[PDB]
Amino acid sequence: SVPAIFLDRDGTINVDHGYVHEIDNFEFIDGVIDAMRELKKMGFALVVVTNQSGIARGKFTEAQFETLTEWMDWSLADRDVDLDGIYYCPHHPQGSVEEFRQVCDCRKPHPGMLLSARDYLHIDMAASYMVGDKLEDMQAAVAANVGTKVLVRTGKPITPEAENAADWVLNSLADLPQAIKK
């Protein structure tokens, strides 16, 4: 079993402009790419787990999400960051788009995505981290029995509830490798 860093996307990896689905609006947060590269060096699997309800909302299609996700994957790989898994939930109970309109197991704070990754990559959850800027991230982690829950300040002005649920609060994903080294 391998330990992993589970990663929220908007507000953690890219700047959260809300319903981000275009390459020219995808902006990597400073230092996160180097941080992820170091996390790989330190022996962690990297797994993105991201809610994308904009799909259910009709803000953008699944096709558009794949295009952006593919681009993200290459950009990282080309910087010698090779993501071990990318999971997303396109659902929302009130989705305007029929295909995606539903309650589900995979929308954070449901731990579904993390459990799927766990089974797939044989991940050591207790030895793993979850990084995000929202409560739903911390709660998802709690349910999936992730060892360490890390909240970041690069997205949402953190709520006291999110803060409560978190084990650590870091300014950024960029700071995670040093925090773990220590």
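Residues carry their position along the shown sequence, with the first being 1.
S.K.: Using only the Cα atoms and their B-factors as the entry lists them, report which of 121 to 129 and 24 to 32 averages higher.
M.R.: Of 24 to 32 and 121 to 129, the stretch with the higher C-alpha B-factor average is 121 to 129.
S.K.: Determine, for stretches 15 to 23 and 157 to 165, which one has the higher mean CA B-factor as deposited.
M.R.: If you average the C-alpha B-factors of 15 to 23 and of 157 to 165, the larger mean comes out for 157 to 165.
S.K.: Which one of 139, 51, 145, 69 shows the top CA temperature factor in the record?
M.R.: Of the candidates given, the C-alpha B-factor peaks at 145.
S.K.: For residue 98, return the chain-relative third of its C-alpha B-factor as stated in the PDB record: lowest, middle or highest.
M.R.: CA B-factor rank for residue 98: highest third.
S.K.: Can you work out whether the C-alpha temperature factor of residue 104 puts it in the lowest, middle or highest third of the chain?
M.R.: It falls in the top third of the chain.
S.K.: Report the third (lowest, middle or highest) to which the CA temperature factor of residue 57 belongs, ranking only the modelled residues of the same chain.
M.R.: Answer is middle: the recorded C-alpha B-factor places it there.
S.K.: Please rank the C-alpha B-factors of the chain's modelled residues and tell me whether residue 2 sits in the lowest, middle or highest third.
M.R.: Highest third - that is where residue 2 ends up once the chain's C-alpha B-factors are sorted.
S.K.: For residue 113, return the chain-relative third of its C-alpha B-factor as stated in the PDB record: lowest, middle or highest.
M.R.: Bottom third by C-alpha B-factor.
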